[PDB]
Structure formats: structure tokens, C-alpha cells
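Let me begin by presenting the structure, written as C-alpha cells, before commenting on it.
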Amino acid sequence: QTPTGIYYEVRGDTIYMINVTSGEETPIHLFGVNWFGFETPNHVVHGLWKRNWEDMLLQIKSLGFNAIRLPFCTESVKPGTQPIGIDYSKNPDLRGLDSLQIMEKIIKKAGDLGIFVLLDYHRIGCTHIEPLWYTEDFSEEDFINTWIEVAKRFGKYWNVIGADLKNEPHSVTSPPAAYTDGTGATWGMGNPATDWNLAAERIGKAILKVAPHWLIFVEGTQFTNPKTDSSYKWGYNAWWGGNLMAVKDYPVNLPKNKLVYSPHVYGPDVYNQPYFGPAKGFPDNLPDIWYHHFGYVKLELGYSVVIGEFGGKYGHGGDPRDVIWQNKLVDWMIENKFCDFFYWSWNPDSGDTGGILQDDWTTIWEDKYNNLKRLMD
Ligand SMILES: OC[C@H]1O[C@@H](O[C@H]2[C@H](O)[C@@H](O)[C@H](O)O[C@@H]2CO)[C@H](O)[C@@H](O)[C@@H]1O
Ligand SMILES: OC[C@H]1O[C@@H](O[C@H]2[C@H](O)[C@@H](O)[C@H](O)O[C@@H]2CO)[C@H](O)[C@@H](O)[C@@H]1O
């Protein structure tokens, strides 16, 4: 069932797109990039002070990408939010539009271009990623209603593939405090106040009632439960939204043809993890780490796994071990058939990662892009 005539589904570990009208059904790959801004105080994808928005989509497509993960915060999806930071001289057709109308116009155009869009509820406020899907201020019922409104509206755009429910569930205290103190996310504590896995079935089910044709992307948490995390030597060093160690014992209960697990994984430019020390075997030690944190969900359990974010400066003004890190991760994704992904970040204005575009928002980093395009063939 679909409002658009397009229906998305997971068969095995592959995402397929069905066109109910022509009857066509083919597998699809997501060669993606994150274009952020709508989750920030700008309330609009960044770079429009230097570039025309349509030209940005064209350039993304010209480099071989066919998907964009679009982070947003609650405010940006409500009528009337004023965007800041657009050169109207270069974006005349954006004059007087609110942030919601701009997102609509960008998604509709990405569709004309054949670019899939994944909506990512990145932040509840517009200043930082919260550890849970609700705050002292904003309830889980509010979070879900925001999603319901978003789905009823964007479910009408054919190229929107679904929802990444909440960006980077994580913790703000240490374990064992973390698994019960209630300030952070968990998985398999059988505690509805903090179990992201139980939460995902809830949020996701609500979205599917309104957008049955969508996919539901579920990220990992940071810590899961002490049994799971302690059962592995690097069980305490997974990235925010990057711990999927608990999926084995605590699957997320959503239909199997709609669920997509979506881990995040980063390099030394983001956090100097202990396993990045060469005396610890870096980078040759990574495959098994990636395998433990999330790889096995696809390789062993057979589920669709789409890396939601990964990136780094690739030696341009950052830690030179990041070049080796990105090279190895791409090698590993290719060998193991993790063909669907969203890089972080199309934007150059990411403090700890830089992005595909250089600082002038026009030219790209060639070496960084040449490594990544191995995955685009
Ligand atoms: O995951 C993105 C995020 O991680 C932050 O590092 C956490 C980290 O992910 C966790 O795996 C590791 O043990 O340490 C840190 C400390 O908070 C890093 O601070 C971020 O800026 C990056 O946003
Ligand atoms: O989002 C505004 C912004 O991008 C920031 O991204 C964090 C990101 O939102 C989170 O998903 C993950 O931890 O990665 C990046 C950085 O690792 C970026 O850090 C900012 O400098 C820029 O403010």
C-alpha cells in the first residue's frame, strides 16, 4: 500500500523499490551523503549563502551519489520557522519560504533527479543531540506526534524512503551508572524508560500506520545492557548510535520487510578511541571491531545494515591516521558487501570531519572522494 505509487521493502539484506503502476521491482543501493543544516539554528541545509540549492543537488548527483540523509530538528518541521543563511541573490526561488517549504522544495527536486531521501530526526532542540528520544521538556508522545506529522506530509513524496527514527541514542554517564541511572539510552534492560529497542518498535509502528510504504532505519545506542557490552573487549567503546551488539538477543520488533539497522562508525578525527593505537594493531584490528559492534547483523543474522554516518578529514588538517582509517573501512565495506551508506558530510562545515566539499563549498577533496567512490564502483 502507497500514497505515491512507490513502495519500499527489505528482502533479505537488500532494499527494493516497487512501482505499483508499471509493476517494476528492482533492488536499489543507497550511495549517500548527509546534507545537514535543518537540525541547526540556521533551520536550513547549510551552504546556501555560497551556492544555489538546485546546483548542490546536481553536483551531488554528478559525483555518483543517489541518496541524501537529511537531518532535521523539531522546529524546522513546523510551519513558520524562519531560515537564516541563504543568499537569495543565488536562491531567488527560496524568498519568503519557511524552513518546511524549503525542505519540501528540495526533496521534490531531489526526486526529479532520482535522489532518494532518508529523513533523520536528528535533534529535539536545534543545538545538540540528546541522549534519549525525549527530555524533561519534550515527551515521547510529542516526539512521535512530530514523526506522525512529518510522515503524513513527506509520505507523499515518492523518493523519501523512510525514517531514521532518532539520531545517535547514547549515554551521558558511565556504566554501570549508565544502564540504570536513567540519563541515557540502553538496549535490552527490559526497561521502557530507556530501552531504545523497545522505543523503536513504538515510534516505528506509529510511522508505519501513516506511511506503510516507508522503511524504518534504527540506529544503535552507545551502551546496551551490561551482559552484552561486557561480553566483548571493546563493548564499552562503540560510537553513539554505533552499538548493535544487542540485536542478536533483542531484535527490534518491526516487520522484517520494513526494518533497516543503521549504525554509525567513525575514525580518529572524531574520537581517539583506544583501539586506534598502532601498538594495538591499528588498522588491522578494525574488521573484527566493526564486525562485533554491528557488522554481524548483516553477515551473521542476514539483516539490511546501512551505515548512517561515517567520515573524517582524511588528513586535511586533521589526524593523519584518518586516511588509513577511511581506506580500511571502505576496503571492509566493499569486501563484505555493505553497499548502502551515507557519508558524513556533503557539507565542509563539520568541525571534526570536514566533508566531501572543501571550505569554498564548491570544489571537492579529490583523494577523500576517490577513496569513497570505490563503493560506487
Ligand atoms: O559518536 C559520535 C560522537 O562521539 C563522542 O565520543 C564518545 C564516543 O562516541 C564513545 O564511543 C567514546 O567512548 O567516547 C566519546 C566521549 O563522549 C565524541 O565526543 C563526539 O564529539 C562525536 O560526536
Ligand atoms: O550538526 C551540526 C554539525 O554537524 C555536527 O555533527 C556531529 C553529528 O551531528 C552527529 O551525528 C555525529 O556525532 O557526527 C558529527 C561530528 O562527528 C558536527 O560535529 C558539527 O561541527 C556541526 O556543528
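In listed order, ligands and their atoms are each counted from 1. Throughout, residue positions are numbered sequentially from 1 according to the sequence presented. Values below: all heavy atoms of this structure, side chains included; hydrogens, waters and symmetry mates excluded.
- The distance from ligand 2 to the heavy atoms of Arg123 drops below 4.0 Å at these ligand atoms: 1 (O), 2 (C).
- Close contacts between ligand 2 and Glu39 involve ligand atoms 1 (O), 2 (C) [criterion: under 4.0 Å to a heavy atom].
- Between the side chains of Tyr121 and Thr74, at least one donor-acceptor pair of N or O atoms lies under 3.5 Å.
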Give me the pairs of N or O atoms, one from ligand 1 and one from the protein, that sit under 3.5 Å apart.
unit_1   : atom_1 : unit_2 : atom_2 : d
ligand 1 : 1 (O)  : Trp240 : N      : 3.1
ligand 1 : 11 (O) : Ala238 : O      : 2.5
ligand 1 : 11 (O) : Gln273 : NE2    : 3.2

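- Salt bridge annotation for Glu104-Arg153: present, with a cationic side-chain nitrogen under 4.0 angstrom from a carboxylate oxygen.
- Neither the backbone nor the side chain of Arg69 has any atom closer than 4.0 Å to an atom of ligand 2 (non-hydrogen atoms only).
- Counted by atom type alone, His170 and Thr221 present zero donor-acceptor pairs between their side chains at under 3.5 Å.
- Scanning for salt bridge (charged side-chain N to carboxylate O under 4.0 Å, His left out) contacts around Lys328 gives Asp284, with sequence neighbours left out.
- At a cut-off of 3.5 Å, with distance as the only test, no side-chain donor of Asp195 or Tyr250 sits close to an acceptor on the other residue.
- The distance between the ring centers of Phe338 and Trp332 falls below 6.0 angstrom.
- Using modelled atom types, one finds no donor on one side chain facing an acceptor on the other under 3.5 Å when comparing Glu54 with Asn91.
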